[PDB]
Amino acid sequence: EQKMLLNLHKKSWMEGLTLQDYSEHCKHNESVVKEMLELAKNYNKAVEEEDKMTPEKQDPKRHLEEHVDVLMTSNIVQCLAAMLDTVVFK
Amino acid sequence: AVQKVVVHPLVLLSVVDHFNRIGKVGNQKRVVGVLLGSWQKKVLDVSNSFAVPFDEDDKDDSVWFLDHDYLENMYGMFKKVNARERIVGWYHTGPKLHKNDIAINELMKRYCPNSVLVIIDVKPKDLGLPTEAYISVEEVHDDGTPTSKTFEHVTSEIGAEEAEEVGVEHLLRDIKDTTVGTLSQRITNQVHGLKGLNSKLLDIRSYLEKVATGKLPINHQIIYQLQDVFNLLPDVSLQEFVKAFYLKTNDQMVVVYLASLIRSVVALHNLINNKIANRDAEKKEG
Amino acid sequence: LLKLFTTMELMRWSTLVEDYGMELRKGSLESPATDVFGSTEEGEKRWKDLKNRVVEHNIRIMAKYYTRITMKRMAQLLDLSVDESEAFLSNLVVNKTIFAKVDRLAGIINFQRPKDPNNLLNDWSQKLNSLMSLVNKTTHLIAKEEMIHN
Amino acid sequence: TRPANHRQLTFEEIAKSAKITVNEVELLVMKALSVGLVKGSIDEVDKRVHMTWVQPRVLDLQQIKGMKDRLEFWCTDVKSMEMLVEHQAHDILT
Amino acid sequence: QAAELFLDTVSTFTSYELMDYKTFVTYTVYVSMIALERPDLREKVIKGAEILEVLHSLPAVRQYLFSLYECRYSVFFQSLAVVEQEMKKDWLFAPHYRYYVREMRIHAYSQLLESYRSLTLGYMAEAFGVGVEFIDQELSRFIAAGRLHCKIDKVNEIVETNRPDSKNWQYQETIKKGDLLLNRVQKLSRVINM
Amino acid sequence: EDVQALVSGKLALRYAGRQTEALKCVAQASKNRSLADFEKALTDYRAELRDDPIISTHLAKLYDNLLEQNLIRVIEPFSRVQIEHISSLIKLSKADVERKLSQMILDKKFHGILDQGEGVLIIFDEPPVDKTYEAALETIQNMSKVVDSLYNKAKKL
């Protein structure tokens, strides 16, 4: 029954080699880099209040972390899929 | 015709249970049961199935029990519990069709005008899509080849209603791999995609071997669709395509540059703070 | 004539005249012809408008099929001079009926719309995944064909 | 004849294949597109034509063997890439 | 910053104790042309009503401004050669005078080269009212200094622009700032193992 | 069209003369978009249209606007086109058309680029600036700022 049920969410090989959508991917990068800029703007303030008044996980640091993680993995996987498709498919 | 059939978890688990039930004592090449489903547009949705008393001769391929009255009253009672589900199609587990199967489909056509058969190879646990779907066809073939009572492939896929979806997910939870899987799952998915593409291309190789060598009849169809496939390859290295590819790849590279540089900056920021904190502790200890 | 204008293919205006002008403008007693294309000024103007419609359909066809063509080729196919062909193409493009660009220096007319890299590579990806789906469907039918021998 | 590897047809070879002058090749390709049996595109300033196909046709067993060879080259490349990626990405793949 | 400060107070200038209003507007138009790009020059100086109001009494600098804005380059050069004299006599503007006289030149060139991919040297020679050798030497110096995005084909005597496109300029700024940040990180590096 | 309808008005008829016919023919020039006849009207009526400051200023503005509109109308079917040809179509000399095109491109009101060495103007596709790179530059500059902030730190070691 295991991996008989799993075939339901099982990714297909064409789904694996699917190249997403370049216009949509560019829109995604466009939005995420802008969000990165707006996060770094207050990350600057957070590092400029390093003086340690009333020693206090909201906003800049981990949000920047998740943003860089998702952006980097999406861009890397899209480039790799595009490249693999370029060289293997002819 | 019928353009698609979607198969829910419940029928495939039911047929797995039926196969284990019969093979436990009466090990046989296949078991046969009846599916229940509904029609949207011209797509079919199948979520119910019950085992029916069935028997096949080993080699006579014309001798078979499928129980009429059992099928009828079992369907009646399944309608009593849930009346939406009407008889569509019949399932069997044999990895191969038989000369005897088209008679089974003709009997099932008495209960459904366009009854569709589904092969569910329970034993295989392999590359993908453990369900195959087939309809009955009888047409002149339009090319001078003799007509015959034939099975015709119809594309199939697995889809789940929400209750079946939570049910399947809960059981899969322990072995479940994450949906996002930032890098590991994506790279493994691409490698598995190359694996599947290689397997399909090797199957096409073996078919062409059998066709050229003559042990398999020329379908004329599909093989010319395969030739269309072969003419559909994009032929990269055409110059403007190369320019566009370089442009988009460079965009990805600058984006990943920004992400990596920010990662280095945050890494340094953690490092400096850790050094400051541990040095503060060391200075206070003295 | 109606089906010829319905055909998505060229017709030479000179050839069209040589084929059907006698029946069109003048005709005969058994095939009467109205004053739509008479020898008088209004009929002559309507005949010139017919020539304009012919070259319009020809430019439609070339835009449909050609990527780039020398204006000398367009002029030779429309039975006009390079000046007249350029003027008519400019008048038609300014009206934004179709897309066309004239590289007058290199002597070329480009009909294909410029393609941004995203659109080009999206077309590539669509071709690729269509090929992939076709391969999968082919394999399903392949197994079906092997599956007959049992 | 070709799996697109030389599908940019030159006018001369289609003209001599059709044993007709260079001036009729445009009409030939236009008729082919108009029937709906070819989806190529024509260039006239280089006289070469951008050819794409959508209409399949019959295969002889000769064509079957030719296809089997040209598909063998392709699947060999796929297997090459599969083991290459599996080798270079072993630690991440696992 | 001087141009923006002068522009902010052109209508509110009341510092008669320093110097008069017309001298202030002369300083303003002087600094604005060198400091501001053409759209800002149009919106904040060309359309600045009080500036034209006082320039109606001062045609000498009105010509110097409008010639640059209207691309009357020969008249612009004559007016710039004239204005260099007052720039030199100016008790405050003298120490930078050559620099100012230099900068406008490149700006002027940068304006004329804006609308052309390539052109004969004779065209700019006639436009600026100068000879081919003089302007050739001027572009030699300025391109050598990197102030202009063009190169000279002296065989045909044609200036040919090589201005980067939007994407290429973006990439060049990206890589340049990339090194200016990565060197800062590298110097910040070696905070490991003091 | 209203111009000819007002010169014939009951009150304006007593004032018919050079001044009225000057604006009549200027209006006629505007209707048929004839720059040559526009300048001819501006030339015959020197004392009627040039020395009148409001008339002169507005009419020069209108002539400039009409020249820009006609130039955009005629450049549209071209990607590369000789300046001589467009000068012939506009009936203005190349010495004037070239300066007008240079000023128009410089003001960014029209996308195109000249080359005198070939005597041509070129029409391009103006890619949409790609905000990704500007966001990239702002981000890296702000990371430079935070790097200076860490440089302010680490003096405490």
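Note that residue numbers begin from 1 in each chain and follow the written sequence, not necessarily the entry's scheme, while residues that lack coordinates are absent from the view. Here every chain gets a letter starting at A, and every ligand a number starting at 1, in the order they are written. A larger assembly contains the chains shown, yet all values here describe just the shown part. Note that water and hydrogens are dropped before the side-chain values are worked out from all heavy atoms of the structure.

Its PDB header names cryo-EM as the technique used to obtain the model and reports a resolution of 3.59 Å.

**Student:** I would appreciate a short explanation of the overall build of chain F in the present structure.
**Tutor:** Helix and strand content of chain F: eight helices and three strands. Runs of E in the DSSP output that reach at least two residues are strands. Runs of H or I that reach at least four are helices, and both are numbered from the N terminus. Put simply, chain F runs from its N terminus to its C terminus through helices and strands in the order α-α-α-α-α-β-α-α-β-β-α. Both definitions apply: the radius of gyration is a C-alpha atom measure, and the globule rule equals 2.2 Å times residues to the power 0.38. Computed over the C-alpha atoms, the radius of gyration of chain F is 26 Å, more than 25% above the 15 Å expected from 2.2 N^0.38 for a compact globule of 157 residues. Across its three principal axes, chain F shows a C-alpha extent of roughly 95 × 40 × 25 Å. What makes two residues a contact is simply this: any of their non-hydrogen atoms within 4.5 Å. Contacts spanning at least 24 positions in sequence make up 48% of the contacts within chain F whose residues lie at least 6 apart. Per-residue and other accessible areas follow the Shrake-Rupley method at a 1.4 Å probe size, with only the shown protein chains counted as cover for residues. Accessible area for chain F stands at about 8,600 Å²; split by element, carbon and sulfur atoms hold 57% of it. The distance from the centre of the 23 positive side-chain charges to the centre of the 24 negative ones in chain F is 4 Å. Charge assignment in this entry is limited to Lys and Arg as positive and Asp and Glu as negative, and neither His nor the chain termini are counted. A single reference atom marks each charge: NZ on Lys, CZ on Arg, CG on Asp, CD on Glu.

**Student:** Help me out: how do you make sense of empty space enclosed by the protein in this one?
**Tutor:** Vacant regions in the atomic arrangement are exposed by a probe of water-molecule size rolled over the atoms. Roughly 80 Å³ of internal volume is contained in the largest cavity. Among the elements of the structure, α2 (13–26) and α3 (41–65) of chain C are those that each provide at least two residues to the lining of the largest cavity. At six residues, α2(C) tops the list of elements feeding residues into the lining of the largest cavity. Note that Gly is not counted as nonpolar here; it falls among the polar residues with everything else outside the nonpolar set of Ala, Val, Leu, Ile, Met, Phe, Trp, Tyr, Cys and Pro and the charged set of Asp, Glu, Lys and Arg. Partitioned by chemical class, the residues of the lining of the largest cavity number eight nonpolar, one polar and no charged. Lining the second largest cavity are B:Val254, B:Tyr257, B:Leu258, B:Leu261, E:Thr174, F:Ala136 and F:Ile140. Considering every element that reaches the lining of the second largest cavity, the biggest residue donor is helix α7 (residues 239–285) of chain B, with four residues. Of the residues contributing to the lining of the second largest cavity, the split by class is six nonpolar, one polar and no charged. Of the grid points, spaced at 1 Å and generated over the protein atoms alone, those admitting a 1.4 Å probe that cannot get out make up cavities, while open sets with protein on both sides within 12 Å along at least five of seven lines make up pockets; any residue with an atom within 4 Å of a point is treated as lining. Grid points are joined across faces, edges and corners, and a volume is the space filled by probe spheres set on the points.

**Student:** Help me understand the sheet that holds strand β8 (residues 131–137) of chain B in this model?
**Tutor:** All names here are of chain B. Strand pairing is assigned whenever DSSP identifies at least 2 bridges connecting the two strands. Strand order across the open sheet formed by eight strands is β9-β8-β7-β6-β2-β3-β1-β10, with mixed pairing between neighbours. A single partner strand is all that each edge strand has here, and the edge strands are β9 (150–154) and β10 (156–158). Direction aside, neighbouring strands of the sheet carry axes that sit 35° apart on average. As paired elements, strand β1 (residues 4–7) and β10 share three bridges and run parallel to each other. Across the sheet, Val-5 pairs through a bridge with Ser-156, a residue of β10. Across the face of the sheet, helix α2 (residues 68–81) comes into contact with β2 (32–40), β3 (43–51) and β6 (86–92) while running at roughly 115° to β3. Axes here refer to lines fitted to C-alpha atoms; in helices the fit is confined to the stretch in contact. Angles between the N-to-C directions go from 0 to 180 degrees.

**Student:** Even after reading the chapter, I still don't get the packing of helix α2 (residues 22–48) of chain A against helix α6 (residues 117–146) of chain C, so can you show me in this structure?
**Tutor:** Each packed pair of helices is defined by two parameters, the angle between the axes and the distance between the axes. Running from N to C, α2(A) and α6(C) point in directions that differ by 130°, and their axes come no closer than 8 Å. The angle between the axes of α2(A) and α6(C) places the two elements in the oblique class. Across from A:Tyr22, A:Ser23 and A:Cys26 in α2(A), the residues of α6(C) making contact are C:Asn118, C:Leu121, C:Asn122 and C:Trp124. Among the residues forming the contact of α2(A) with α6(C), the class breakdown is four nonpolar, three polar and no charged. Throughout this description, any angle smaller than 35 degrees is read as roughly parallel, any larger than 145 degrees as roughly antiparallel, any in the 65 to 115 degree range as roughly perpendicular, and the remainder as oblique.

**Student:** Can you help me understand the pattern of salt bridges in this one?
**Tutor:** Residue and element names in this part refer to chain C. A side-chain nitrogen of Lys or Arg and a carboxyl oxygen of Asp or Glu constitute a salt bridge if their distance falls within 4 Å. In the structure shown here, the tally under the stated rule is 56 salt bridges over all chains. With a shortest N-O distance of 2.9 Å, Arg-104 and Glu-86 are connected by a salt bridge. One end of the pair, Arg-104, is in the loop between β2 (101–103) and β3 (108–110); the other, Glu-86, is in helix α5 (residues 82–94), and 18 residues separate them in sequence. For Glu-86, a relative accessible area of 10% puts it in the buried group. Summary of the burial criterion: residues with accessible area below 20% of their type's maximum are buried, those above 50% are exposed, and those between are partly exposed, where the area comes from a 1.4 Å probe applied to protein chains only.

**Student:** Which parts of the structure should I look at to understand the interface of chain B and chain A?
**Tutor:** As a measure of interface size, the accessible area lost when the parts come together is often cited. Between chain B and chain A, the contact holds 46 residues from the first and 46 residues from the second. In this description, buried area is defined as the sum, over both parts, of the accessible area (probe of 1.4 Å) that is lost when the two are combined. Of the roughly 4,400 Å² buried between chain B and chain A, counting both surfaces, carbon and sulfur atoms make up 75%. It is B:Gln190, B:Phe245 and B:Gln252 in chain B that bury the most area against chain A; as a group they hold 14% of the surface buried on that side. Our enumeration of links across chain B and chain A arrives at one salt bridge. In this structure, the salt-bridge partner of A:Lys90 is B:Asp235, at a minimum N-O distance of 2.9 Å.

**Student:** Can you help me understand the side chain of E:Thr26 in this one?
**Tutor:** By the secondary structure assignment, E:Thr26 is in helix α2 (residues 21–35). In the analysis that follows, any N or O atom pair within 3.5 Å is treated as a polar contact, provided that within protein one partner can donate a hydrogen and the other can accept it, and provided that, for residues neighboring in sequence, both atoms belong to side chains. Among the polar contacts made by the side chain of E:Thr26, one reaches the main-chain carbonyl oxygen of E:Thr23 at a distance of 2.3 Å.

**Student:** What is the right way to look at the sheet that holds β3(C) in this model?
**Tutor:** Whenever strands of a sheet pair, they do so through backbone hydrogen bonds, lying parallel or antiparallel. Taken in spatial order, the nine strands make up an open sheet running β1(C)-β3(C)-β2(C)-β1(F)-β3(F)-β2(F)-β1(E)-β3(E)-β2(E), and their pairing is mixed. Across the chains shown, the open sheet's two edge strands, defined by having one partner strand only, are β1 (68–69) of chain C together with β2 (150–153) of chain E. Where helix α4 (residues 71–78) of chain C meets the sheet, it contacts β1, β2 and β3 of chain C, and its direction lies at approximately 85° from that of β3(C).

**Student:** Help me understand the packing of aromatic side chains in this model?
**Tutor:** Working definition: an aromatic ring pair is given by the centre-to-centre distance plus the angle between the planes. Residues and elements named next belong to chain E. Aromatic rings from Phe, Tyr and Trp, taking only the six-membered ring of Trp, are treated as a pair when their centres fall within 6.5 Å; an angle between ring planes under 30 degrees marks them as stacked, one over 60 as edge-to-face, and anything in between as tilted. Per the counting criterion, the structure on display carries 24 aromatic pairs over all chains. Consider the rings of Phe-6 and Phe-24, whose centres lie 5.2 Å apart with planes at 75°: the pair is edge-to-face. Of this pair, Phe-6 sits in helix α1 (residues 2–8) while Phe-24 sits in helix α2; the two residues are 18 residues apart in sequence, bridging distant segments of the chain. When its relative accessible area of 25% is taken as the criterion, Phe-6 is described as partly exposed.

**Student:** Mind showing me how you'd approach the interface of chain F and chain C here?
**Tutor:** Taken together, the 11 residues of chain F in the interface contact 10 residues of chain C. Here chain F packs against chain C, burying approximately 1,100 Å² in sum over the two surfaces, 58% of which is carbon and sulfur. Counting across the interface, chain F meets chain C through one salt bridge. A salt bridge links F:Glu76 to C:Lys101; the nearest nitrogen and oxygen atoms lie 3.0 Å apart.

**Student:** How should I be thinking about a positive patch on the surface in this particular structure?
**Tutor:** Residues and elements named next belong to chain E. Each patch is built from residues lacking any salt bridge and having more than 30% relative accessible area; the joining distance is 9 Å for like charges and 5 Å for nonpolar side chains (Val, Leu, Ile, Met, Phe, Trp, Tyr). A cluster of basic residues, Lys-88, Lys-89, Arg-98, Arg-102 and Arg-141, forms a positive patch at the surface. For the positive patch, the secondary-structure elements that each account for two or more residues are α6 (73–89) and α7 (97–112). Checked against the element boundaries, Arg-141 lands in helix α9 (residues 132–144). Here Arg-141 falls in the partly exposed class, since its relative accessible area comes to 46%.

**Student:** It is not clear to me how helix α3 (residues 101–109) of chain B should be interpreted in this structure. Could you clarify?
**Tutor:** An α-helical turn contains 3.6 residues, so any two residues separated by three or four positions project in the same direction. Turning to α3(B), its buried residues number three or more, namely B:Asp101, B:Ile104, B:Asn105, B:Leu107 and B:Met108. Buried residues in α3(B), looked at end-on, bunch into an arc of 160°, giving them a common side. Directions pointing from the helix axis toward each C-beta atom define the arc.

**Student:** Looking at this structure, I do not really get the side chain of B:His153. What am I missing?
**Tutor:** Within the secondary structure, B:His153 is located in strand β9. Within the structure, the side chain of B:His153 is placed 3.2 Å from the side chain of B:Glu132, a separation counted as a polar contact. Setting aside residues no more than four positions away along its own chain, B:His153 makes contact with B:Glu132, B:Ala133, B:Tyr134, C:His140 and C:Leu141.

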